[PDB]
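Asker: Sharing work.cif here; it has mmCIF, N, CA, C and O atoms.
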data_run
loop_
_atom_site.label_atom_id
_atom_site.label_comp_id
_atom_site.auth_asym_id
_atom_site.auth_seq_id
_atom_site.Cartn_x
_atom_site.Cartn_y
_atom_site.Cartn_z
N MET A 1 -29.59 -104.99 -17.82
CA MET A 1 -28.31 -105.52 -18.35
C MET A 1 -27.62 -106.35 -17.26
O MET A 1 -27.87 -106.17 -16.09
N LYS A 2 -26.75 -107.24 -17.65
CA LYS A 2 -26.03 -108.07 -16.64
C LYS A 2 -25.24 -107.16 -15.69
O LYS A 2 -25.14 -107.43 -14.51
N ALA A 3 -24.67 -106.10 -16.21
CA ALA A 3 -23.87 -105.17 -15.36
C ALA A 3 -24.55 -104.97 -13.99
O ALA A 3 -25.72 -105.22 -13.83
N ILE A 4 -23.80 -104.53 -13.02
CA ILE A 4 -24.37 -104.31 -11.66
C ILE A 4 -25.07 -102.95 -11.59
O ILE A 4 -24.62 -101.98 -12.16
N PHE A 5 -26.18 -102.88 -10.90
CA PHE A 5 -26.90 -101.59 -10.79
C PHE A 5 -25.98 -100.55 -10.14
O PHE A 5 -25.21 -100.86 -9.25
N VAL A 6 -26.05 -99.33 -10.58
CA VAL A 6 -25.17 -98.27 -10.00
C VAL A 6 -25.57 -98.01 -8.54
O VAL A 6 -25.99 -98.91 -7.84
N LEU A 7 -25.43 -96.80 -8.06
CA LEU A 7 -25.79 -96.50 -6.65
C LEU A 7 -27.28 -96.83 -6.43
O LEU A 7 -28.11 -96.50 -7.25
N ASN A 8 -27.61 -97.47 -5.34
CA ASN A 8 -29.04 -97.83 -5.06
C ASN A 8 -29.43 -97.35 -3.66
O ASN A 8 -28.59 -97.19 -2.79
N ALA A 9 -30.69 -97.13 -3.43
CA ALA A 9 -31.15 -96.66 -2.09
C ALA A 9 -31.42 -97.88 -1.19
O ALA A 9 -32.04 -97.77 -0.15
N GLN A 10 -30.97 -99.03 -1.60
CA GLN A 10 -31.20 -100.25 -0.78
C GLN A 10 -30.57 -100.08 0.60
O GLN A 10 -31.12 -100.48 1.61
N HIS A 11 -29.40 -99.49 0.66
CA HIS A 11 -28.73 -99.30 1.98
C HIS A 11 -29.71 -98.68 2.98
O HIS A 11 -30.11 -99.32 3.94
N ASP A 12 -30.11 -97.46 2.77
CA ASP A 12 -31.06 -96.81 3.72
C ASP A 12 -31.75 -95.63 3.03
O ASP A 12 -31.43 -95.27 1.91
N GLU A 13 -32.70 -95.02 3.69
CA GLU A 13 -33.41 -93.85 3.09
C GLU A 13 -32.58 -92.59 3.32
O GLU A 13 -33.10 -91.50 3.41
N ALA A 14 -31.29 -92.74 3.43
CA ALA A 14 -30.42 -91.56 3.67
C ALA A 14 -30.74 -90.45 2.66
O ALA A 14 -30.38 -89.31 2.85
N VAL A 15 -31.42 -90.79 1.60
CA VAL A 15 -31.77 -89.75 0.58
C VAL A 15 -33.12 -89.13 0.94
O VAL A 15 -34.16 -89.74 0.78
N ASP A 16 -33.11 -87.91 1.42
CA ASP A 16 -34.40 -87.24 1.79
C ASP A 16 -35.03 -86.61 0.55
O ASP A 16 -36.23 -86.40 0.49
N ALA A 17 -34.24 -86.29 -0.45
CA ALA A 17 -34.80 -85.66 -1.67
C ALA A 17 -35.83 -86.58 -2.32
O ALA A 17 -36.90 -86.16 -2.71
N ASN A 18 -35.52 -87.85 -2.42
CA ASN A 18 -36.49 -88.79 -3.04
C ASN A 18 -37.79 -88.80 -2.24
O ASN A 18 -38.87 -88.82 -2.79
N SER A 19 -37.70 -88.79 -0.93
CA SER A 19 -38.93 -88.81 -0.10
C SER A 19 -39.70 -87.49 -0.26
O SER A 19 -40.91 -87.48 -0.35
N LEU A 20 -39.01 -86.39 -0.31
CA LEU A 20 -39.71 -85.09 -0.47
C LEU A 20 -40.48 -85.10 -1.80
O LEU A 20 -41.64 -84.74 -1.85
N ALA A 21 -39.84 -85.50 -2.86
CA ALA A 21 -40.53 -85.52 -4.17
C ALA A 21 -41.74 -86.46 -4.12
O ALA A 21 -42.83 -86.11 -4.52
N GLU A 22 -41.55 -87.66 -3.64
CA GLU A 22 -42.69 -88.62 -3.58
C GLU A 22 -43.79 -88.08 -2.66
O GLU A 22 -44.96 -88.19 -2.96
N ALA A 23 -43.42 -87.51 -1.55
CA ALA A 23 -44.46 -86.97 -0.62
C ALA A 23 -45.27 -85.90 -1.35
O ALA A 23 -46.48 -85.85 -1.25
N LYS A 24 -44.61 -85.05 -2.09
CA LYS A 24 -45.35 -83.99 -2.83
C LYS A 24 -46.15 -84.63 -3.96
O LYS A 24 -47.28 -84.25 -4.23
N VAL A 25 -45.58 -85.60 -4.63
CA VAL A 25 -46.31 -86.26 -5.74
C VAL A 25 -47.53 -87.01 -5.19
O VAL A 25 -48.62 -86.93 -5.72
N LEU A 26 -47.36 -87.73 -4.12
CA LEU A 26 -48.51 -88.49 -3.53
C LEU A 26 -49.57 -87.51 -3.02
O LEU A 26 -50.75 -87.73 -3.18
N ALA A 27 -49.16 -86.43 -2.42
CA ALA A 27 -50.15 -85.44 -1.90
C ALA A 27 -50.87 -84.78 -3.08
O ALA A 27 -52.06 -84.54 -3.04
N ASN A 28 -50.15 -84.48 -4.13
CA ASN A 28 -50.78 -83.83 -5.31
C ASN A 28 -51.88 -84.74 -5.87
O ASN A 28 -52.92 -84.29 -6.30
N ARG A 29 -51.64 -86.03 -5.88
CA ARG A 29 -52.66 -86.98 -6.41
C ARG A 29 -53.96 -86.86 -5.62
O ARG A 29 -55.04 -86.91 -6.17
N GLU A 30 -53.87 -86.70 -4.32
CA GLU A 30 -55.12 -86.59 -3.51
C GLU A 30 -55.92 -85.38 -3.98
O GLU A 30 -57.13 -85.42 -4.06
N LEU A 31 -55.26 -84.30 -4.28
CA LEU A 31 -55.99 -83.09 -4.75
C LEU A 31 -56.61 -83.38 -6.11
O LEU A 31 -57.73 -83.03 -6.40
N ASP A 32 -55.85 -84.03 -6.94
CA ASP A 32 -56.34 -84.37 -8.30
C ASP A 32 -57.59 -85.25 -8.21
O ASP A 32 -58.55 -85.06 -8.94
N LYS A 33 -57.60 -86.22 -7.34
CA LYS A 33 -58.80 -87.11 -7.23
C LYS A 33 -59.99 -86.29 -6.72
O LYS A 33 -61.11 -86.45 -7.17
N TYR A 34 -59.76 -85.42 -5.78
CA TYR A 34 -60.87 -84.59 -5.24
C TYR A 34 -61.31 -83.59 -6.31
O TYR A 34 -62.48 -83.31 -6.48
N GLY A 35 -60.37 -83.04 -7.05
CA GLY A 35 -60.72 -82.06 -8.11
C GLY A 35 -60.62 -80.63 -7.57
O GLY A 35 -61.37 -79.76 -7.95
N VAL A 36 -59.70 -80.40 -6.67
CA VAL A 36 -59.55 -79.02 -6.11
C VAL A 36 -58.88 -78.13 -7.17
O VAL A 36 -58.56 -78.57 -8.25
N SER A 37 -58.68 -76.87 -6.86
CA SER A 37 -58.05 -75.95 -7.86
C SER A 37 -56.57 -76.32 -8.04
O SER A 37 -55.93 -76.82 -7.14
N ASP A 38 -56.04 -76.07 -9.20
CA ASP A 38 -54.60 -76.40 -9.46
C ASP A 38 -53.71 -75.55 -8.57
O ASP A 38 -52.55 -75.85 -8.37
N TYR A 39 -54.23 -74.48 -8.03
CA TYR A 39 -53.40 -73.61 -7.15
C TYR A 39 -52.88 -74.41 -5.95
O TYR A 39 -51.72 -74.33 -5.60
N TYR A 40 -53.73 -75.16 -5.31
CA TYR A 40 -53.27 -75.94 -4.13
C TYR A 40 -52.16 -76.90 -4.55
O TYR A 40 -51.19 -77.07 -3.84
N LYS A 41 -52.28 -77.53 -5.69
CA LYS A 41 -51.22 -78.47 -6.14
C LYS A 41 -49.94 -77.67 -6.31
O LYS A 41 -48.87 -78.07 -5.90
N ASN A 42 -50.07 -76.52 -6.91
CA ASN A 42 -48.88 -75.66 -7.11
C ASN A 42 -48.30 -75.31 -5.74
O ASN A 42 -47.10 -75.28 -5.54
N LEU A 43 -49.15 -75.05 -4.78
CA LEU A 43 -48.66 -74.71 -3.42
C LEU A 43 -47.84 -75.88 -2.88
O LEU A 43 -46.82 -75.69 -2.25
N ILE A 44 -48.27 -77.09 -3.12
CA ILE A 44 -47.49 -78.26 -2.62
C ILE A 44 -46.10 -78.21 -3.23
O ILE A 44 -45.11 -78.49 -2.58
N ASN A 45 -46.00 -77.85 -4.48
CA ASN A 45 -44.67 -77.77 -5.14
C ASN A 45 -43.75 -76.86 -4.33
O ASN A 45 -42.55 -77.05 -4.30
N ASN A 46 -44.29 -75.87 -3.67
CA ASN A 46 -43.44 -74.94 -2.86
C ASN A 46 -43.33 -75.43 -1.41
O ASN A 46 -42.71 -74.78 -0.59
N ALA A 47 -43.91 -76.54 -1.09
CA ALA A 47 -43.82 -77.03 0.32
C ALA A 47 -42.35 -77.18 0.70
O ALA A 47 -41.61 -77.94 0.10
N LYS A 48 -41.91 -76.45 1.69
CA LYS A 48 -40.48 -76.53 2.11
C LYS A 48 -40.16 -77.88 2.76
O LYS A 48 -39.10 -78.43 2.55
N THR A 49 -41.06 -78.41 3.57
CA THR A 49 -40.78 -79.72 4.25
C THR A 49 -42.02 -80.61 4.25
O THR A 49 -43.13 -80.16 4.05
N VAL A 50 -41.83 -81.89 4.48
CA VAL A 50 -42.97 -82.85 4.50
C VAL A 50 -43.95 -82.49 5.62
O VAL A 50 -45.15 -82.58 5.45
N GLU A 51 -43.46 -82.09 6.76
CA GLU A 51 -44.39 -81.74 7.87
C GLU A 51 -45.42 -80.74 7.35
O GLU A 51 -46.59 -80.82 7.66
N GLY A 52 -44.99 -79.81 6.54
CA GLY A 52 -45.94 -78.83 5.97
C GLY A 52 -46.83 -79.52 4.94
O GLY A 52 -47.98 -79.17 4.76
N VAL A 53 -46.31 -80.50 4.24
CA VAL A 53 -47.13 -81.20 3.21
C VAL A 53 -48.32 -81.90 3.88
O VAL A 53 -49.45 -81.76 3.45
N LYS A 54 -48.09 -82.67 4.91
CA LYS A 54 -49.22 -83.39 5.57
C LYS A 54 -50.13 -82.40 6.32
O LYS A 54 -51.34 -82.52 6.31
N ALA A 55 -49.56 -81.42 6.97
CA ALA A 55 -50.40 -80.44 7.72
C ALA A 55 -51.20 -79.59 6.74
O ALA A 55 -52.33 -79.23 7.00
N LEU A 56 -50.62 -79.27 5.63
CA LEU A 56 -51.35 -78.44 4.63
C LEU A 56 -52.49 -79.27 4.03
O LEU A 56 -53.59 -78.79 3.83
N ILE A 57 -52.26 -80.52 3.77
CA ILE A 57 -53.36 -81.37 3.24
C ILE A 57 -54.36 -81.62 4.37
O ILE A 57 -55.56 -81.64 4.17
N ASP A 58 -53.87 -81.84 5.56
CA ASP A 58 -54.77 -82.12 6.71
C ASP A 58 -55.61 -80.89 7.04
O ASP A 58 -56.79 -80.99 7.32
N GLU A 59 -55.03 -79.72 7.00
CA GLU A 59 -55.84 -78.50 7.31
C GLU A 59 -56.82 -78.28 6.17
O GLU A 59 -57.96 -77.90 6.37
N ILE A 60 -56.40 -78.52 4.96
CA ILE A 60 -57.32 -78.33 3.81
C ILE A 60 -58.39 -79.42 3.85
O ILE A 60 -59.56 -79.16 3.61
N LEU A 61 -58.02 -80.63 4.16
CA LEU A 61 -59.02 -81.73 4.24
C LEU A 61 -59.96 -81.46 5.43
O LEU A 61 -61.15 -81.66 5.35
N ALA A 62 -59.42 -81.00 6.52
CA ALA A 62 -60.27 -80.71 7.71
C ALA A 62 -61.16 -79.49 7.42
O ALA A 62 -62.26 -79.38 7.92
N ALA A 63 -60.67 -78.58 6.62
CA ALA A 63 -61.48 -77.37 6.30
C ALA A 63 -62.79 -77.77 5.63
O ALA A 63 -63.83 -77.21 5.89
N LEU A 64 -62.76 -78.75 4.76
CA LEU A 64 -64.01 -79.17 4.08
C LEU A 64 -64.96 -79.80 5.11
O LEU A 64 -64.51 -80.40 6.07
N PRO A 65 -66.27 -79.67 4.95
CA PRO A 65 -67.22 -80.27 5.93
C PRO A 65 -67.09 -81.79 6.00
O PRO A 65 -67.46 -82.35 7.02
#
Let me see the structure of the file written as structure tokens.
Answerer:
Amino acid sequence: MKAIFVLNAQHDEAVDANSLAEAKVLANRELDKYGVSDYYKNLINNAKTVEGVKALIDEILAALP
């Protein structure tokens, strides 16, 4: 619509919630492509912080031969 867009994240990434959701969504996709058990995807949903999201995928990816 011609109206002006409401609040936008153009200013800065001051919004960490959006990044947490995308980080979990992007990490979940990697499990889906590999075809791992849905349990690991569910575990990502409980990831408290992104550092745990990358380390959990990295430890799981490193665990495989």
Asker: Go ahead and compute the interatomic distance for atom O of residue 31 of chain A and atom C of residue 44 of chain A, in Å to one decimal.
Answerer: 13.0 Å
Asker: One number please: atom CA of residue 54 of chain A to atom CA of residue 11 of chain A, in Å, one decimal.
Answerer: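 Separation of atom CA of residue 54 of chain A and atom CA of residue 11 of chain A: 26.2 Å.
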Asker: So, counting only C-alpha atoms, which residue among A:25, A:6, A:15, A:20 is closest to residue 50 of chain A?
Answerer: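 For residue 50 of chain A, the nearest of the candidates is A:20.
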Asker: From the options A:64, A:21, A:9, A:1, which residue's atoms come nearest to residue 46 of chain A, counting only C-alpha atoms?
Answerer: A:21
Asker: Run the PyMOL selection byres (((chain A and resi 47 and name CA) around 12) and name CA) against the file shown and list the residues it catches, as a list in words.
Answerer: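 Applying the PyMOL selection byres (((chain A and resi 47 and name CA) around 12) and name CA) to the structure shown produces residues 20, 21, 23, 24, 25, 27, 28, 40, 41, 42, 43, 44, 45, 46, 48, 49, 50, 51, 52, 53, 54, 55, 56 and 57 of chain A.
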Asker: What residues in chain A get the DSSP label helix (DSSP H, G or I)? Please answer as a count of residues only.
Answerer: 41
